[PDB]
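Note: the block below is entry-v4.tsv and it holds TSV, C-alpha atoms and all ligand atoms.
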```tsv
chain	number	residue	atom	x	y	z
S	1	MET	CA	0.00	0.00	0.00
S	2	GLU	CA	1.00	3.66	-0.29
S	3	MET	CA	2.27	5.31	2.90
S	4	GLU	CA	-0.11	8.17	3.78
S	5	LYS	CA	-3.24	6.04	3.39
S	6	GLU	CA	-1.75	2.98	5.02
S	7	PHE	CA	-1.05	5.47	7.82
S	8	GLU	CA	-4.67	6.61	8.23
S	9	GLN	CA	-5.79	2.98	7.98
S	10	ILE	CA	-3.59	2.02	10.96
S	11	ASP	CA	-4.73	5.06	12.95
S	12	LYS	CA	-8.43	4.37	12.35
S	13	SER	CA	-7.96	0.68	13.18
S	14	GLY	CA	-5.63	1.35	16.12
S	15	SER	CA	-3.23	-1.45	15.15
S	16	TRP	CA	0.21	0.20	15.59
S	17	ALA	CA	1.24	-2.29	18.28
S	18	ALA	CA	0.39	-5.24	16.03
S	19	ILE	CA	2.28	-3.80	13.05
S	20	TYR	CA	5.32	-3.12	15.25
S	21	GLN	CA	5.25	-6.62	16.76
S	22	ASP	CA	5.25	-8.12	13.24
S	23	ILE	CA	8.47	-6.20	12.52
S	24	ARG	CA	10.02	-7.52	15.74
S	25	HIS	CA	9.07	-11.10	14.77
S	26	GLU	CA	10.52	-10.88	11.23
S	27	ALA	CA	13.74	-9.08	12.18
S	28	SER	CA	17.11	-10.71	11.56
S	29	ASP	CA	19.03	-12.54	14.29
S	30	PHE	CA	22.80	-12.71	13.77
S	31	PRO	CA	25.56	-13.51	16.30
S	32	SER	CA	27.11	-10.85	18.57
S	33	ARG	CA	29.84	-13.00	20.16
S	34	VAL	CA	32.53	-10.32	20.44
S	35	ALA	CA	30.17	-7.95	22.33
S	36	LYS	CA	29.51	-10.63	24.96
S	37	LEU	CA	33.14	-11.51	25.80
S	38	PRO	CA	33.84	-10.83	29.51
S	39	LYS	CA	36.61	-8.33	28.74
S	40	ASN	CA	34.06	-6.07	26.99
S	41	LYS	CA	31.45	-5.80	29.79
S	42	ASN	CA	32.37	-2.22	30.69
S	43	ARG	CA	32.25	-1.23	26.98
S	44	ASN	CA	28.46	-1.85	26.73
S	45	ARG	CA	25.82	0.44	28.23
S	46	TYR	CA	22.95	-2.08	28.03
S	47	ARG	CA	23.28	-5.85	28.19
S	48	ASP	CA	20.51	-6.39	25.61
S	49	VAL	CA	21.84	-3.96	22.92
S	50	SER	CA	24.88	-5.32	21.06
S	51	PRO	CA	26.38	-4.94	17.55
S	52	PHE	CA	26.28	-7.97	15.27
S	53	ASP	CA	29.71	-9.45	14.53
S	54	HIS	CA	29.30	-9.16	10.73
S	55	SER	CA	28.65	-5.38	10.75
S	56	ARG	CA	30.48	-4.10	13.85
S	57	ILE	CA	33.04	-1.28	13.57
S	58	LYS	CA	36.54	-2.45	14.48
S	59	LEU	CA	39.01	-0.12	16.19
S	60	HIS	CA	42.50	-0.15	14.63
S	61	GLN	CA	44.10	-1.58	17.75
S	62	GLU	CA	45.62	-5.00	18.38
S	63	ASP	CA	44.87	-5.21	22.12
S	64	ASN	CA	41.08	-4.80	21.97
S	65	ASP	CA	39.28	-3.71	18.80
S	66	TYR	CA	35.75	-3.61	20.30
S	67	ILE	CA	33.27	-0.70	20.32
S	68	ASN	CA	29.45	-0.89	20.51
S	69	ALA	CA	28.88	0.49	16.98
S	70	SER	CA	27.47	-0.85	13.68
S	71	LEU	CA	27.85	0.04	9.96
S	72	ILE	CA	24.41	0.38	8.29
S	73	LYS	CA	25.11	0.22	4.48
S	74	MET	CA	22.06	1.05	2.31
S	75	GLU	CA	22.83	-0.18	-1.21
S	76	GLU	CA	19.99	1.26	-3.32
S	77	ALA	CA	19.98	4.63	-1.51
S	78	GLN	CA	23.81	4.86	-1.63
S	79	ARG	CA	24.05	6.04	1.99
S	80	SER	CA	25.98	4.63	4.94
S	81	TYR	CA	25.61	5.39	8.67
S	82	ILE	CA	27.46	4.33	11.81
S	83	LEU	CA	25.00	3.85	14.69
S	84	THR	CA	26.49	3.72	18.21
S	85	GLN	CA	25.55	4.03	21.89
S	86	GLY	CA	26.18	7.19	23.85
S	87	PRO	CA	29.80	7.05	25.01
S	88	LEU	CA	30.58	5.70	28.53
S	89	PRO	CA	33.23	7.12	30.90
S	90	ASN	CA	35.63	4.36	29.78
S	91	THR	CA	34.83	4.59	26.03
S	92	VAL	CA	35.10	8.34	25.20
S	93	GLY	CA	38.61	7.79	23.80
S	94	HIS	CA	37.42	4.82	21.72
S	95	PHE	CA	34.55	6.94	20.34
S	96	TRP	CA	36.87	9.64	18.98
S	97	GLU	CA	39.32	6.99	17.72
S	98	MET	CA	36.44	5.61	15.61
S	99	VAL	CA	35.52	9.07	14.28
S	100	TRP	CA	39.17	9.55	13.25
S	101	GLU	CA	39.73	6.09	11.71
S	102	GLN	CA	36.44	6.03	9.75
S	103	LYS	CA	37.03	9.57	8.31
S	104	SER	CA	33.64	10.86	9.51
S	105	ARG	CA	32.83	14.55	9.05
S	106	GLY	CA	29.81	14.77	11.37
S	107	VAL	CA	28.48	13.43	14.68
S	108	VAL	CA	24.68	13.47	15.25
S	109	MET	CA	23.54	13.42	18.93
S	110	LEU	CA	19.80	12.92	19.64
S	111	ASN	CA	19.78	12.88	23.49
S	112	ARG	CA	20.70	15.16	26.38
S	113	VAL	CA	23.54	14.18	28.75
S	114	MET	CA	20.97	13.96	31.59
S	115	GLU	CA	17.37	12.84	30.99
S	116	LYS	CA	14.78	11.66	33.54
S	117	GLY	CA	17.28	12.60	36.30
S	118	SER	CA	19.90	10.01	35.17
S	119	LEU	CA	23.02	10.13	33.01
S	120	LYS	CA	22.37	8.97	29.42
S	121	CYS	CA	25.93	9.49	28.12
S	122	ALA	CA	29.27	10.98	29.15
S	123	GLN	CA	30.16	14.66	28.60
S	124	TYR	CA	32.43	13.69	25.71
S	125	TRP	CA	33.14	17.09	24.06
S	126	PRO	CA	34.53	20.37	25.51
S	127	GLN	CA	32.16	23.13	26.60
S	128	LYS	CA	34.65	26.05	26.53
S	129	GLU	CA	37.13	27.08	23.81
S	130	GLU	CA	40.02	27.49	26.28
S	131	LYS	CA	39.44	24.09	28.03
S	132	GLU	CA	40.35	21.40	25.50
S	133	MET	CA	40.16	17.63	26.12
S	134	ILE	CA	43.00	15.12	25.80
S	135	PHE	CA	42.23	11.38	25.51
S	136	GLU	CA	45.45	9.73	26.63
S	137	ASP	CA	44.46	6.12	25.92
S	138	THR	CA	43.97	6.87	22.17
S	139	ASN	CA	46.32	9.91	21.82
S	140	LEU	CA	43.77	12.45	20.55
S	141	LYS	CA	43.10	16.11	21.35
S	142	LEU	CA	39.66	17.75	20.94
S	143	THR	CA	39.02	21.53	20.92
S	144	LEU	CA	35.76	23.50	20.76
S	145	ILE	CA	36.07	26.03	17.87
S	146	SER	CA	32.55	27.58	17.82
S	147	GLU	CA	28.99	26.91	18.99
S	148	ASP	CA	25.65	28.08	17.52
S	149	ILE	CA	22.65	27.53	19.87
S	150	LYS	CA	19.18	27.52	18.25
S	151	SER	CA	15.75	26.82	19.69
S	152	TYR	CA	15.63	23.10	18.83
S	153	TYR	CA	19.26	22.16	18.20
S	154	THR	CA	22.87	23.28	18.60
S	155	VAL	CA	25.70	23.01	16.01
S	156	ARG	CA	29.32	22.95	17.14
S	157	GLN	CA	32.57	23.11	15.19
S	158	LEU	CA	35.28	20.89	16.75
S	159	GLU	CA	38.97	20.29	15.93
S	160	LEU	CA	40.22	16.73	16.33
S	161	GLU	CA	44.02	16.29	16.36
S	162	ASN	CA	45.83	12.97	16.07
S	163	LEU	CA	48.72	13.67	18.48
S	164	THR	CA	50.84	10.87	16.97
S	165	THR	CA	50.96	12.48	13.48
S	166	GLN	CA	49.95	16.11	14.27
S	167	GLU	CA	47.24	15.87	11.60
S	168	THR	CA	44.05	17.86	12.30
S	169	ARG	CA	40.45	17.64	11.05
S	170	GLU	CA	37.29	19.68	11.43
S	171	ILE	CA	34.31	17.73	12.86
S	172	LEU	CA	30.73	19.06	12.94
S	173	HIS	CA	28.58	18.20	16.03
S	174	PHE	CA	24.81	18.30	15.35
S	175	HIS	CA	22.93	18.14	18.68
S	176	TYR	CA	19.13	17.79	18.66
S	177	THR	CA	18.28	19.11	22.14
S	178	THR	CA	14.46	18.99	22.37
S	179	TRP	CA	13.33	15.34	22.06
S	180	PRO	CA	10.97	14.87	25.06
S	181	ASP	CA	11.97	12.80	28.09
S	182	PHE	CA	8.87	10.59	27.45
S	183	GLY	CA	7.22	9.70	24.14
S	184	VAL	CA	7.92	11.31	20.74
S	185	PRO	CA	7.52	14.87	19.41
S	186	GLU	CA	3.98	15.97	18.56
S	187	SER	CA	5.05	17.36	15.14
S	188	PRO	CA	7.98	16.14	12.99
S	189	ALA	CA	8.72	19.66	11.75
S	190	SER	CA	11.73	20.45	13.95
S	191	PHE	CA	13.23	16.94	13.50
S	192	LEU	CA	12.98	17.31	9.69
S	193	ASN	CA	14.48	20.81	9.80
S	194	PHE	CA	17.36	19.28	11.79
S	195	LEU	CA	17.83	16.42	9.26
S	196	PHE	CA	18.02	18.99	6.44
S	197	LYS	CA	20.68	20.97	8.33
S	198	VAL	CA	22.79	17.81	8.67
S	199	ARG	CA	22.35	17.12	4.92
S	200	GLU	CA	23.28	20.68	3.94
S	201	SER	CA	26.60	20.42	5.83
S	202	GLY	CA	28.00	17.61	3.64
S	203	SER	CA	28.19	15.20	6.60
S	204	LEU	CA	26.02	12.56	4.86
S	205	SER	CA	27.73	12.75	1.47
S	206	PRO	CA	29.99	10.18	-0.24
S	207	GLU	CA	33.13	12.36	-0.14
S	208	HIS	CA	33.33	11.67	3.62
S	209	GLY	CA	33.29	8.59	5.84
S	210	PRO	CA	29.89	7.60	7.33
S	211	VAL	CA	28.19	9.99	9.73
S	212	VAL	CA	28.26	8.78	13.39
S	213	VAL	CA	24.76	8.91	14.95
S	214	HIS	CA	23.87	8.16	18.59
S	215	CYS	CA	21.31	8.50	21.34
S	216	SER	CA	21.57	6.56	24.63
S	217	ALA	CA	21.39	2.96	23.25
S	218	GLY	CA	21.88	3.89	19.57
S	219	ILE	CA	18.73	2.10	18.28
S	220	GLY	CA	15.58	4.16	18.97
S	221	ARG	CA	15.89	7.87	18.12
S	222	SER	CA	19.01	6.95	16.08
S	223	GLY	CA	16.96	4.47	14.05
S	224	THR	CA	14.29	7.11	13.40
S	225	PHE	CA	16.93	9.49	11.97
S	226	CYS	CA	18.47	7.07	9.44
S	227	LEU	CA	15.12	5.47	8.49
S	228	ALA	CA	13.59	8.87	7.64
S	229	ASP	CA	16.68	10.01	5.71
S	230	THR	CA	16.91	6.82	3.60
S	231	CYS	CA	13.16	6.72	2.81
S	232	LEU	CA	13.13	10.35	1.62
S	233	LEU	CA	16.23	9.75	-0.58
S	234	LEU	CA	14.57	6.70	-2.20
S	235	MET	CA	11.43	8.74	-2.94
S	236	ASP	CA	13.64	11.19	-4.90
S	237	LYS	CA	15.56	8.48	-6.81
S	238	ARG	CA	12.71	6.20	-7.95
S	239	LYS	CA	10.28	6.66	-10.85
S	240	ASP	CA	7.39	5.74	-8.53
S	241	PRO	CA	7.82	7.30	-5.06
S	242	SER	CA	4.71	5.52	-3.74
S	243	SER	CA	6.63	2.24	-4.08
S	244	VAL	CA	8.82	3.09	-1.05
S	245	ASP	CA	7.82	0.68	1.75
S	246	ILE	CA	8.97	1.98	5.14
S	247	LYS	CA	8.51	-1.39	6.86
S	248	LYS	CA	10.71	-3.09	4.25
S	249	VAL	CA	13.41	-0.40	4.59
S	250	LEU	CA	13.37	-0.81	8.38
S	251	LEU	CA	13.76	-4.59	8.10
S	252	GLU	CA	16.72	-4.06	5.71
S	253	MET	CA	18.36	-1.74	8.27
S	254	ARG	CA	17.77	-4.33	11.03
S	255	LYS	CA	20.05	-6.72	9.12
S	256	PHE	CA	22.90	-4.44	10.30
S	257	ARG	CA	21.90	-3.49	13.91
S	258	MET	CA	19.32	-5.02	16.25
S	259	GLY	CA	16.32	-3.22	17.70
S	260	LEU	CA	16.08	-0.17	15.43
S	261	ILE	CA	12.86	1.69	16.38
S	262	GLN	CA	12.11	0.79	20.02
S	263	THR	CA	8.34	1.45	20.33
S	264	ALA	CA	5.18	1.59	18.22
S	265	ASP	CA	5.11	5.35	18.90
S	266	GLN	CA	8.57	5.71	17.32
S	267	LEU	CA	7.29	3.70	14.32
S	268	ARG	CA	4.28	6.01	13.90
S	269	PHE	CA	6.52	9.07	14.28
S	270	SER	CA	8.82	7.76	11.52
S	271	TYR	CA	5.83	7.41	9.14
S	272	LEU	CA	4.72	10.95	10.02
S	273	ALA	CA	8.18	12.36	9.38
S	274	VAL	CA	8.53	10.73	5.95
S	275	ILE	CA	5.00	11.77	4.91
S	276	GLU	CA	5.48	15.44	5.80
S	277	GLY	CA	9.00	15.50	4.49
S	278	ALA	CA	7.97	14.25	1.06
S	279	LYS	CA	5.75	17.32	0.58
S	280	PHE	CA	8.45	19.82	1.42
S	281	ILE	CA	11.00	18.24	-0.90
S	282	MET	CA	8.87	19.24	-3.89
L	301	LIG	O1	9.80	18.79	6.02
L	301	LIG	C1	10.65	19.61	5.72
L	301	LIG	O2	10.75	20.75	6.47
L	301	LIG	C2	11.52	21.83	5.87
L	301	LIG	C3	11.93	23.21	6.35
L	301	LIG	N1	12.53	23.78	5.13
L	301	LIG	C4	13.71	23.07	4.52
L	301	LIG	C5	13.48	22.44	3.13
L	301	LIG	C6	13.32	20.91	3.19
L	301	LIG	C7	12.25	20.66	4.23
L	301	LIG	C8	12.79	21.12	5.55
L	301	LIG	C9	14.06	21.96	5.48
L	301	LIG	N2	11.48	19.45	4.58
L	301	LIG	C10	11.44	18.22	3.78
L	301	LIG	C11	12.65	17.35	3.97
L	301	LIG	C12	13.28	17.27	5.20
L	301	LIG	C13	14.41	16.47	5.36
L	301	LIG	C14	14.89	15.75	4.30
L	301	LIG	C15	14.27	15.81	3.08
L	301	LIG	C16	13.15	16.61	2.91
```

Output the structure of this file as structure tokens.
Amino acid sequence: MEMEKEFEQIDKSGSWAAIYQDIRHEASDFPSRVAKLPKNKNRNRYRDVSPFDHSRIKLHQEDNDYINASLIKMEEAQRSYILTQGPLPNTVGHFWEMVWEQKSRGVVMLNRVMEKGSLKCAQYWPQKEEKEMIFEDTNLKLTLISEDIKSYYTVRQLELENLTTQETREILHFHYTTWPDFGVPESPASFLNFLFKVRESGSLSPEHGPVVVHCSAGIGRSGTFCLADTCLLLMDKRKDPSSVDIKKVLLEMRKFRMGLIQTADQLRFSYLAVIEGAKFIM
């Protein structure tokens, strides 16, 4: 079926939970043996969210190459994404090592450091120009260059230096700051505006490594971001945009990381975002 009228048909019939449970039942199951090794316990935020072995990002280190991060490679859309958990106190150096080694231009953050009165990720970037951060375990330096605070999101320019080679690179930090502590946004308008700002920066384009996108677990809000982006790109590429099937795209993405889209409300919000976005594109 088309999307907008399939949408109204699920609303009128109140069957979002049944649709979402079908997706959970059909989703791929692949091994995640490296994630579960005892030496990696303090590298995982949640015991039930792990990268598959076949798609995990490897650190360029011989001691321990493990990070909780996955490469989502979308063949028809010609887009790739790295989805990862919010960094932990003992993985902030690994996180920036990955950004460096994978040649990423942009980092997309969809959570606040504290939500619901608890810490959802480490403070992993500097908040003042004159107070830079050094990660001694991976030999990197990170400096805040500029910050632009808007009503729904903040964009930061950062300098990442590999202290071993003295090479430097400019990284863009796109921080969506207004996702509610509970539920999903009422309108997709600010989320879509944010997606378009990430696109306009070049961070999603083939001349760079894959964008790094995270929330707390790296599957819910993060899944909504890449699902909406890929569906909108396919609607622009194909002769028949009504052929784009958001459930099929989501199942394709779940071949590369488990659990993408965590609730039926996130699934409905993803439909809403793609529907409204397709009208603005034209
Ligand atoms: O829904 C939108 O809100 C607009 C505000 N105005 C800009 C033009 C594109 C717009 C957004 C930025 N879109 C559609 C869209 C959004 C993301 C990706 C692909 C298409």

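Taking only C-alpha atoms and all ligand atoms into account, the residues that come within 8 Å of ligand LIG 301 (chain L) are residues 188, 189, 190, 192, 193, 194, 195, 196, 197, 199, 228, 229, 232, 233, 273, 276, 277, 278, 279, 280 and 281 of chain S.
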
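Among the candidates S:31, S:139, S:159, S:274, the one nearest to residue 241 (chain S) when counting all atoms listed in the file is S:274.
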
Find the distance between CA of residue 45 (chain S) and CA of residue 223 (chain S) and write it in Å to one decimal.
17.2 Å

List every residue of region 144-189 of chain S that has an atom at most 10 Å from any atom of region 82-100 of chain S, giving for each one its closest atom pair and the distance in Å to one decimal, counting only C-alpha atoms, sorted by chain and then by ascending residue number, as a Markdown table.
```
| residue | atom | partner | partner_atom | distance |
| --- | --- | --- | --- | --- |
| S:160 | CA | S:100 | CA | 7.9 |
| S:161 | CA | S:100 | CA | 8.9 |
| S:162 | CA | S:100 | CA | 8.0 |
| S:168 | CA | S:100 | CA | 9.7 |
| S:169 | CA | S:100 | CA | 8.5 |
| S:171 | CA | S:99 | CA | 8.9 |
```

Would you put the residues from that selection into a file with C-alpha atoms, as an mmCIF file, in the coordinates of the input?
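Saved file again22.cif follows:
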```cif
data_model
loop_
_atom_site.group_PDB
_atom_site.id
_atom_site.type_symbol
_atom_site.label_atom_id
_atom_site.label_comp_id
_atom_site.auth_asym_id
_atom_site.auth_seq_id
_atom_site.Cartn_x
_atom_site.Cartn_y
_atom_site.Cartn_z
ATOM 1 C CA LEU S 160 40.220 16.730 16.330
ATOM 2 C CA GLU S 161 44.020 16.290 16.360
ATOM 3 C CA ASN S 162 45.830 12.970 16.070
ATOM 4 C CA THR S 168 44.050 17.860 12.300
ATOM 5 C CA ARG S 169 40.450 17.640 11.050
ATOM 6 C CA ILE S 171 34.310 17.730 12.860
#
```

Counting only C-alpha atoms, find the residues whose atoms lie at most 12 Å from (24.5, 10.0, 32.5) (file coordinates) and write them out as a ChimeraX atom specification.
/S:45,86-89,111-124,215-216

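Using all atoms listed in the file for every distance, the candidate list S:73, S:23, S:16, S:7 yields S:73 as the residue closest to residue 257 (chain S).
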
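The gap separating CA of residue 201 (chain S) from CA of residue 237 (chain S) is 20.6 Å, in Å to one decimal.
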
Could you pull out every residue with an atom within 12 Å of (33.9, -5.7, 21.1), file coordinates, counting all atoms listed in the file, and send them as a PyMOL selection string?
chain S and resi 32-44+50-59+61+63-70+91+94

Among the residues S:60, S:247, S:156, S:150, the one that comes closest to residue 267 (chain S) [using all atoms listed in the file]
S:247

Taking all atoms listed in the file into account, which of S:270, S:138, S:151, S:262 comes nearest residue 227 (chain S)?
S:270

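Across the model, the gap from CA of residue 174 (chain S) to CA of residue 217 (chain S) is 17.6 Å.
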